[PDB]
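Overview (structure and organization)
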Amino acid sequence: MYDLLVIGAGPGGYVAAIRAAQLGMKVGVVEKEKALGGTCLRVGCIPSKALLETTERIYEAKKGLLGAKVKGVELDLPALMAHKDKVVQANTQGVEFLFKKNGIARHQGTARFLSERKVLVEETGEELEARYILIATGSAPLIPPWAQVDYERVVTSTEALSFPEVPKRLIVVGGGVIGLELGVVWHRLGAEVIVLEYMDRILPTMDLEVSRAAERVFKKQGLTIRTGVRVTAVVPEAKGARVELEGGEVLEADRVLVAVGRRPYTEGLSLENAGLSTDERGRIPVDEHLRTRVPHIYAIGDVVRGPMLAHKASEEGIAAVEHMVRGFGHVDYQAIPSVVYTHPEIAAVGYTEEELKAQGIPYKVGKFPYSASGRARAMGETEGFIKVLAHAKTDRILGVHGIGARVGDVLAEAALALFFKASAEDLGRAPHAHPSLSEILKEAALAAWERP
Amino acid sequence: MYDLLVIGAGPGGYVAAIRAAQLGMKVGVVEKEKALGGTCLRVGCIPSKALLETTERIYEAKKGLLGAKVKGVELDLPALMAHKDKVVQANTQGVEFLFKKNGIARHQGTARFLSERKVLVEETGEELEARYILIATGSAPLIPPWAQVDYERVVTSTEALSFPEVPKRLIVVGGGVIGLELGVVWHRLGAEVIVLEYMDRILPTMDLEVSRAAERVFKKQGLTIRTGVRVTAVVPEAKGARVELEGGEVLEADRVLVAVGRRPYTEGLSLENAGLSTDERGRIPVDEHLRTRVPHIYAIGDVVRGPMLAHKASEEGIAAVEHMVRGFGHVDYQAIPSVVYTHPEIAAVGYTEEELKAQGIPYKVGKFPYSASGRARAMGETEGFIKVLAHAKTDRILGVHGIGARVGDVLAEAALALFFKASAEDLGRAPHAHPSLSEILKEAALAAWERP
Amino acid sequence: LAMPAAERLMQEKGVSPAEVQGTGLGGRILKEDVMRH
Ligand SMILES: Cc1cc2nc3c(=O)[nH]c(=O)nc-3n(C[C@H](O)[C@H](O)[C@H](O)COP(=O)(O)OP(=O)(O)OC[C@H]3O[C@@H](n4cnc5c(N)ncnc54)[C@H](O)[C@@H]3O)c2cc1C
Ligand SMILES: Cc1cc2nc3c(=O)[nH]c(=O)nc-3n(C[C@H](O)[C@H](O)[C@H](O)COP(=O)(O)OP(=O)(O)OC[C@H]3O[C@@H](n4cnc5c(N)ncnc54)[C@H](O)[C@@H]3O)c2cc1C
Ligand SMILES: NC(=O)c1ccc[n+]([C@@H]2O[C@H](COP(=O)([O-])OP(=O)(O)OC[C@H]3O[C@@H](n4cnc5c(N)ncnc54)[C@H](O)[C@@H]3O)[C@@H](O)[C@H]2O)c1
Ligand SMILES: NC(=O)c1ccc[n+]([C@@H]2O[C@H](COP(=O)([O-])OP(=O)(O)OC[C@H]3O[C@@H](n4cnc5c(N)ncnc54)[C@H](O)[C@@H]3O)[C@@H](O)[C@H]2O)c1
């Protein structure tokens, strides 16, 4: 039997497998899909980022470049999709390479618990055993009964990454990260995009000031964003679909992306055979060491509580295996960055102001606008800002948030600062290259530290 | 009189002035140029970065954009220059705003020492006194006698930022940061660019492996780079100029940029009247507190020893005034990043391998290529790498170096790590957003840490 | 209090943080401080 059996080969499972191998464990990984990489590499982070990076350059060329005149810009959708596919292929092949290099065995099929220590790979019939078992089955799109997804006209994010032609009109149900990112991708290519959001704000995981700023920015770019709108039904019809809103209003579109969330995925796992169950939200409960109620079985990533992010899943995978081998592991959730890859980018790390207020934590706010940045001005950027939240008494950085060109890259530094439990003073006094966007973060930190 | 009198309003002087005001000092600043900002804002960092950022976008549009076809890209030089001028104008106005907001008095003219505590403003005739005096007179282009600069055909970096038309052929003498950056700017716009470098490598302040990689990349882009070539003379001609090389070869071009270095500037300062003098290289000697031989007179920035960088000058300005008021002050030179703003960017922080080898310091090397980055692949980038140097015993990060798209932004995190005396493990273990270029730094750190 | 790698090194060698003298920025124990004791 294996020392460790991992179910799922997404960011959580494949990184856990590699770390486990580095620690001397003989690992086996079961994945039902042909390619490794999970949601992120196959139909998530990677293909979405490929489309976002490339469409942004095309969009800017169309809008106009400073100091030049672009006669014409013609979209080559097949070539655009070819690049996306080639990137995905290179990434999935990379994980395969790493598994072989690290001596990690791969099994293809759906894993199902037969007992707390034995797992069946249905397709093949193999019954595998292991000292430790890691459940990293991930997530799937949330599809409410009222949304009649046919995976062609009414789609999930997976199909929205591969539309055969730019839709004349695209309606996005749900103003979360997936909805905004994919809405922006197609808007850049000529689609009329309408985003319908139930809540009074978009991007629920961002700081409220940031979410509001993003809403304004996206509207200025040309996207229609209607908040406080509850979609009651989505139905495929002819070449497109119809969307009904609470009250009776009906909208028609060529394509409708249903992006109202993602749910933990455990279908076909037969958790009951291991003495396990999911909570009301479908998550597998785990303790401080990422262990389920059955001690030798761990659960990580999108299938358990917390932000559904690739690096969050990977970090939990590392912590889980390190606990298995060394008896200790840890994930600094407060230093985990969340980024929206639109242009401008949108990011958050640590606590938002709403979370600090709810906890009654006294804090100071330091804010610096991109408009005051020499590097930003040089780039022709002026919109956005970075805000640093620091403890009113200890000056400890509690959170960093922002919106603006490459703000996600800038906040990589903010995450490191939080990881080191740095104060606003520490960050603000550190050397920063001039002229660079990182100075915006430096100035935000100084402002926070120097707050009354 | 003033508590502090600052001579020079560049990055060193204006930041020092602002920090001094925040500390409660009554500050006066003397600047001979009409606009504040010094070399960096008037004819350095700012205008060069405006040109680099904008030409890179134009260049990429001409080379071709993934997923699209562009029938034509027409340069509008006047508009390109207008943007540059507008950015400089906004930055200079910004410093004026900050001076007025902080109650900093400004004097226009050439400051000259009358004694250890009295300074004359040549033009006005004002004789100013102060408890502390800060010399931040900066630098000027180095123009050897053999380089007959006429500021039209044979120019310095200042004129190269404002050519009236893209040169047919631009010869760049000196393969340093200024030479490469400005050579790249004009190469992108269609000029045939030839860089002549005396040494066996370009970019003398970068890690050697990085300098070599840079040379390879730029040659691939189309610039001719000839190392091991000593230019013996540059002479203006009818509608161009000739460049003579050791050996007899003679090259001709319509424009020639002499970028063989920059020297400390102290002309007209009458340092002798304060009991001060410059060393062999024109620098004003200073001690560990940035004080000159005369206790109450300090010197910072390009006029003293160390990397001639804007943020280096600013950090020294802060340290100088803080020492004046608190008797402390410190600049972490090992955490100061140096970045070349070409595309790919080139950067260095901390010690290079050559410097570690020379000091007999045992170290480990961790390297990760951009070709292995999912984010880089998604962007359509594959060239470059980031290298982390860590102590073989303590694992403390000693230096970080790289070449690649936005590597300077990525290394902002490396600078913070060095500032916190972090180990390779510390940086490698920190959370990093996926998929982002920062993961390249993370992997490089992990590799250094785990280096056998 | 200390750096993340220092805490990792202390938890393995069962070293107490109140035993190592931090030489890092401010009051922070570097992993090199732990292996020093
Ligand atoms: C369009 C889109 C864009 C995204 N962009 C980003 C981004 O930019 N940054 C970010 O951090 N996150 C992003 N995410 C979220 C990110 O993809 C997830 O957080 C991440 O994939 C979660 O990793 P995981 O290992 O937990 O699960 P998953 O990657 O979902 O992987 C679970 C794997 O388990 C397999 N599996 C499930 N059940 C079984 C079974 N019984 N037997 C065998 N195999 C099984 C699945 O086939 C799958 O491959 C995005 C998601 C989407 C949909
Ligand atoms: C083309 C170019 C591009 C550059 N790009 C970058 C970059 O991207 N990043 C970077 O970090 N650095 C860059 N630099 C270098 C950077 O500009 C300098 O390191 C920085 O300006 C040094 O600041 P300073 O305050 O010491 O001196 P300076 O900025 O030179 O300022 C000194 C000031 O003192 C004034 N002065 C001198 N003598 C007197 C006197 N007797 N009386 C009154 N006033 C006086 C001068 O007029 C001047 O304004 C670049 C330089 C050039 C030339
Ligand atoms: N770059 C990234 O970090 C990234 C990218 C994509 C997804 N993710 C993660 O994946 C998960 C799911 O992403 P998601 O955007 O699909 O869900 P989401 O939670 O991020 O956004 C869902 C949105 O749908 C809205 N909604 C729900 N019902 C609605 C209705 N009937 N009508 C109109 N609007 C309605 C909700 O109010 C919510 O704002 C999240 O946890 C997210 O953090 C992260
Ligand atoms: N982005 C930045 O940080 C940035 C940008 C520009 C300048 N700077 C700083 O400003 C200062 C000067 O920049 P610089 O590039 O003008 O000088 P430099 O020192 O950076 O490069 C000068 C080059 O000229 C070469 N050279 C000298 N004589 C020669 C000859 N006869 N023939 C051929 N080559 C010859 C030298 O070998 C050297 O490589 C440096 O300290 C630099 O770090 C920094």
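Residues numbered from 1 in each chain as written, not as in the entry; some residues may be left out. Chains lettered and ligands numbered in written order. Heavy atoms only, no water. Residues with missing side-chain atoms left out of burial classes, pairs and counts.

Method-wise, the PDB entry is recorded as coming from X-ray crystallography, at a reported resolution of 1.80 Å.

**Quick word on the relation of the copies chain A and chain B**
The operation relating chain A to chain B is a screw motion whose rotation component is 180 degrees, with 0.0 Å of axial translation and a residual RMSD of 0.2 Å. What the rotation and shift describe, once combined, is the action of a two-fold rotation axis. When each C-alpha of chain A is compared by its distance to the rotation axis, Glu413 of chain A comes out closest, at 2.3 Å. Take the interface residues of chain A: 99% of them recur as interface residues in chain B, which is what a same-surface contact looks like. (Least-squares fit on C-alpha atoms. Contact = heavy atoms within 4.5 Å.)

**Examining the site of ligand 4**
All names here are of chain B. Around ligand 4, 22 residues are found, and the nearest of them are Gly176, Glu197, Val231, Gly261 and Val339. Between an oxygen atom of ligand 4 and a main-chain N or O atom of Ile178, the distance comes to 3.2 Å. A distance of 3.1 Å separates a nitrogen atom of ligand 4 from a polar backbone atom of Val231. Relative to its free-state accessible area of 850 Å², ligand 4 is covered by the protein chains to the extent of 80%. Here the shell around ligand 4 gets three residues from one element, more than from any other, and that element is helix α6 (residues 177–188). Residue classes in the shell around ligand 4 are distributed as 14 nonpolar, four polar and four charged. Summarising the domain contributions, the shell around ligand 4 has at least three residues from each of domain 1 (1–141 + 261–334) and domain 2 (142–260). (Near = heavy atom within 4 Å. Polar contact = N/O pair within 3.5 Å; in protein donor to acceptor, adjacent residues only side chain to side chain. Areas by Shrake-Rupley, 256 points an atom, 1.4 Å probe, with all protein chains shown as cover. Helix = DSSP H or I, 4+ residues; strand = E, 2+ residues; numbered from the N terminus. Nonpolar A, V, L, I, M, F, W, Y, C, P; charged D, E, K, R; others polar. Domains from an automatic or database assignment.)

**Here's the deal with the UniProt feature "active site" (unreviewed entry) in chain A**
According to UniProt, the "active site" (unreviewed entry) feature falls on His434 of chain A. Relative to the assigned elements, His434 of chain A resides in the loop between α13 (424–429) and α14 (438–449). Each residue touching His434 of chain A, except ones within four places of it in the same chain, is listed here: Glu439 of chain A together with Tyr14, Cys40, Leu41, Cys45, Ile46, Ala310, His311 and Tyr341 of chain B. (UniProt positions renumbered as here; feature names shortened; annotations may be inferred.)

**A closer look at the interface of chain A and chain B**
Where interface size is given, it is often the accessible area lost as the parts come together that is meant. Between chain A and chain B, the contact holds 74 residues from the first and 75 residues from the second. Around 6,000 Å² of area is buried between chain A and chain B when both sides are counted, 60% of it from carbon and sulfur atoms. The tally of links between chain A and chain B comes to 13 salt bridges. Of the charged contacts, one joins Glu322 of chain B and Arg429 of chain A as a salt bridge, the two residues approaching to 2.5 Å between their closest N and O atoms. Between chain A and chain B we count 19 residue pairs in polar contact in total. Of the residues forming the side of chain A that touches chain B, the biggest block, nine residues, is contributed by helix α3 (residues 45–63) of chain A. (Buried area = accessible area lost by both parts, 1.4 Å probe. Salt bridge = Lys/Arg side-chain N within 4 Å of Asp/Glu carboxyl O.)

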